[PDB]
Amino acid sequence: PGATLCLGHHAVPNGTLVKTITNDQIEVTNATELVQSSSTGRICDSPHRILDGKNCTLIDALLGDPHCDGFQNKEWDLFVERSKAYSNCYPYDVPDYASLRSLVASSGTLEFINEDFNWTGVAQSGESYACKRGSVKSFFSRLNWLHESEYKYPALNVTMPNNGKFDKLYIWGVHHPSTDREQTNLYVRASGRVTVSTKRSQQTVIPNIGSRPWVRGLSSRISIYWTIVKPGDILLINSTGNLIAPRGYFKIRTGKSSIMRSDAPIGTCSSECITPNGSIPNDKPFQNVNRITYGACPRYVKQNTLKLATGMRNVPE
């Protein structure tokens, strides 16, 4: 006569398969998912300050494309560029477009400070069909198209000191006329030249008159360039025609700002992690939603699922 005492462990009828060093598939009592693979579909407007570019790229907002006027002096943590975006001003190109877009997006501000450059000898605020503001001829709001006055364009030699305690970002350009008639009609000289410079640097542009395909009414073009002036340095512009002058500077900041291409709608919610697919929770360590992220995000991996066992091996029968 005696008794029996058995030692045992629990089990569940609906176990889950996980991977180990030894086994491609082994059933455990419970597991949890480590790969985030879904999104709500909206980008939460909290906690980051989100600026919907809507119909405007960052570059067009910077230059001052008339349909981008609402973006003047704005700040952002994340600038969201939409694929609908279009230019509706003077046809332009930006050599090293990607770098200018990156540095302005990283700075995170469109703060523009007007400065009174000394443009004696030429007529300011040149405008054009290609850049309507309403129904009147206009131009990029942050650019000043200088053309001859009373039939001459004198050797401009203008300076601007950076005596402030921050960096200045100056945006300027060069006009490329379509024909020689245009060149002399606007600048009165058969060949122009633009030399902006600092104590470190000197970027000189020669305009190249010639034909480019029809874009928004014009075969002419403008090339966009930038110069950053450090405290104690000075901006010097010397031009004998074709100069698209700056009206001031943008202040460069350093911080956590960036830019993202997304068509996802902006929603009123809070989420630390943003993807082009929309915001995602960051409670899991990994994610398969998008290689592009912003904020406190799970790390992107190629797997769409990784099951972490949270229970013993399941031995039902």
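The numbering used is simple: start at 1 and walk along the sequence shown.
- Per-stretch averaging of Cα B factors for 175-183 and 99-107 places 175-183 on top.
- Here 73-81 and 189-197 are compared by their mean Cα B-factor, and 189-197 comes out higher.
- For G278, the recorded CA temperature factor ranks within the lowest third of the chain's modelled residues.
- Placement of the Cα temperature factor of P66 within the chain: middle third of the modelled residues, per the deposited record.
- Among the modelled residues of the chain, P285 sits in the lowest third by CA temperature factor in this PDB entry.
- Among the modelled residues of the chain, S271 sits in the middle third by CA temperature factor in this PDB entry.
- Split the chain's modelled residues into thirds by C-alpha temperature factor. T40 is in the highest one.
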